[PDB]
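Student: Pasting my_file.txt below, which is compact mmCIF, C-alpha atoms and all ligand atoms.
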# COMPACT_ATOMS: atom_id res chain seq x y z
CA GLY X 1 -12.87 -17.47 16.70
CA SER X 2 -14.52 -20.27 14.73
CA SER X 3 -18.29 -20.82 14.88
CA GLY X 4 -18.85 -17.17 15.73
CA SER X 5 -17.34 -15.21 18.62
CA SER X 6 -16.31 -16.57 22.02
CA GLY X 7 -19.12 -16.52 24.56
CA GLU X 8 -22.77 -15.83 23.78
CA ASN X 9 -24.27 -12.96 25.78
CA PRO X 10 -27.43 -11.90 23.91
CA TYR X 11 -28.35 -9.89 27.00
CA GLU X 12 -26.25 -7.10 28.50
CA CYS X 13 -27.13 -4.36 30.99
CA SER X 14 -26.70 -0.68 30.14
CA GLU X 15 -26.45 0.74 33.66
CA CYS X 16 -23.51 -1.30 34.93
CA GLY X 17 -22.65 -3.30 31.83
CA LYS X 18 -23.24 -6.84 33.04
CA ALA X 19 -24.00 -9.80 30.78
CA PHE X 20 -26.39 -12.70 31.35
CA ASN X 21 -27.14 -15.92 29.47
CA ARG X 22 -30.93 -15.72 29.77
CA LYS X 23 -33.26 -12.76 29.25
CA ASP X 24 -35.24 -13.19 32.47
CA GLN X 25 -31.93 -13.15 34.35
CA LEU X 26 -31.09 -9.69 33.00
CA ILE X 27 -34.62 -8.41 33.59
CA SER X 28 -34.66 -9.49 37.23
CA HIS X 29 -31.21 -7.92 37.58
CA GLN X 30 -32.17 -4.56 36.07
CA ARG X 31 -34.45 -4.23 39.10
CA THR X 32 -31.32 -3.33 41.06
CA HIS X 33 -31.01 -0.15 39.00
CA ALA X 34 -34.57 0.73 39.99
CA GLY X 35 -36.19 1.71 43.28
CA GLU X 36 -38.99 4.27 43.13
CA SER X 37 -41.55 3.37 45.80
CA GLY X 38 -41.55 5.93 48.60
CA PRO X 39 -43.19 9.30 47.87
CA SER X 40 -40.21 11.48 46.96
CA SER X 41 -41.29 15.06 47.65
CA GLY X 42 -38.05 16.91 48.30
ZN ZN G 101 -26.98 -3.76 35.59
Could you show the structure in this file as structure tokens?
Tutor:
Amino acid sequence: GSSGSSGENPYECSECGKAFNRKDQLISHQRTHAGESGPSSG
């Protein structure tokens, strides 16, 4: 593994464990692991 390690994923999710090339990409993705709009009373 010359010139560092294979592949460069400076951004990786914690919920699923995905990896993106750009930050924004990961951010927009994280949205999937979020959905609190409706008034959850229970
Ligand atoms: Zn994820």
Student: Can you tell me how far atom CA of residue 20 of chain X sits from atom CA of residue 8 of chain X, in Å to one decimal?
Tutor: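 Those two atoms sit 9.0 Å apart.
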Student: For segment 26-30 of chain X, work out the shell of residues within 9 Å, counting all atoms listed in the file and skipping chain neighbours fewer than 6 positions away, then give it as a CSV table (one decimal) with C-alpha atoms, in the coordinates of the input.
Tutor:
chain,number,residue,atom,x,y,z
X,11,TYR,CA,-28.4,-9.9,27.0
X,12,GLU,CA,-26.2,-7.1,28.5
X,13,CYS,CA,-27.1,-4.4,31.0
X,14,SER,CA,-26.7,-0.7,30.1
X,15,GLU,CA,-26.4,0.7,33.7
X,18,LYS,CA,-23.2,-6.8,33.0
X,19,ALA,CA,-24.0,-9.8,30.8
X,20,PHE,CA,-26.4,-12.7,31.4
Student: Rounded to one decimal in Å, what is the spacing between atom ZN of ligand ZN 101 (chain G) and atom CA of residue 25 of chain X?
Tutor: 10.7 Å
Student: Can you work out the spacing between atom CA of residue 17 of chain X and atom CA of residue 33 of chain X in Å, to one decimal?
Tutor: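 Going from atom CA of residue 17 of chain X over to atom CA of residue 33 of chain X, I get 11.5 Å.
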Student: Kindly compute an axis-aligned box around the listed atoms of segment 18-22 of chain X, allowing 8 Å on each side, and express its centre and edge lengths in Å to one decimal as JSON.
Tutor:
{"center_x": -27.1, "center_y": -11.4, "center_z": 31.3, "size_x": 23.7, "size_y": 25.1, "size_z": 19.6}
Student: Of the candidates X:32, X:41, X:2, X:24, which shows the shortest atom-to-atom distance to ligand ZN 101 (chain G), using all atoms listed in the file?
Tutor: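 Distance minimum relative to ligand ZN 101 (chain G) lands on X:32.
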Student: Have a look at X:42, X:31, X:16, X:36 and name the one nearest to ligand ZN 101 (chain G); count only C-alpha atoms and all ligand atoms.
Tutor: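 Among X:42, X:31, X:16, X:36, it is X:16 that comes nearest to ligand ZN 101 (chain G).
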Student: Which residue out of X:39, X:5, X:34, X:22 has the minimum interatomic distance to ligand ZN 101 (chain G) when only C-alpha atoms and all ligand atoms are used?
Tutor: X:34
Student: How would chain X look written as a compact mmCIF listing (two decimals), in the first residue's frame with C-alpha atoms?
Tutor:
# COMPACT_ATOMS: atom_id res chain seq x y z
CA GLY X 1 0.00 0.00 0.00
CA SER X 2 2.32 2.73 -1.26
CA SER X 3 1.36 6.40 -0.98
CA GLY X 4 -0.88 5.65 1.98
CA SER X 5 -3.75 3.17 2.14
CA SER X 6 -6.01 2.09 -0.72
CA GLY X 7 -9.06 4.30 -1.14
CA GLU X 8 -9.61 7.63 0.59
CA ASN X 9 -12.84 7.82 2.58
CA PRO X 10 -12.42 10.76 5.00
CA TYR X 11 -16.16 10.50 5.65
CA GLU X 12 -17.94 7.42 7.00
CA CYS X 13 -21.39 7.00 8.54
CA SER X 14 -21.86 5.59 12.04
CA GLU X 15 -25.44 4.35 11.74
CA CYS X 16 -25.03 2.02 8.76
CA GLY X 17 -21.30 2.33 8.14
CA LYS X 18 -21.26 3.80 4.64
CA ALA X 19 -18.37 5.79 3.17
CA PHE X 20 -18.48 8.84 0.90
CA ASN X 21 -15.83 10.85 -0.96
CA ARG X 22 -17.21 14.28 -0.08
CA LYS X 23 -18.46 15.63 3.25
CA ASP X 24 -21.71 17.10 1.93
CA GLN X 25 -22.49 13.69 0.44
CA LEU X 26 -22.32 12.04 3.87
CA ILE X 27 -24.27 14.86 5.51
CA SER X 28 -27.14 14.65 3.02
CA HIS X 29 -27.07 10.88 3.50
CA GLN X 30 -27.22 10.98 7.30
CA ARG X 31 -30.66 12.52 6.80
CA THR X 32 -31.87 8.99 6.07
CA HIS X 33 -31.11 8.05 9.68
CA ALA X 34 -33.29 10.95 10.81
CA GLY X 35 -37.01 11.63 10.62
CA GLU X 36 -38.58 13.49 13.54
CA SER X 37 -41.33 15.74 12.17
CA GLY X 38 -44.75 14.50 13.23
CA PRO X 39 -45.77 15.11 16.86
CA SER X 40 -44.95 11.78 18.51
CA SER X 41 -47.16 11.58 21.59
CA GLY X 42 -47.52 7.86 22.24
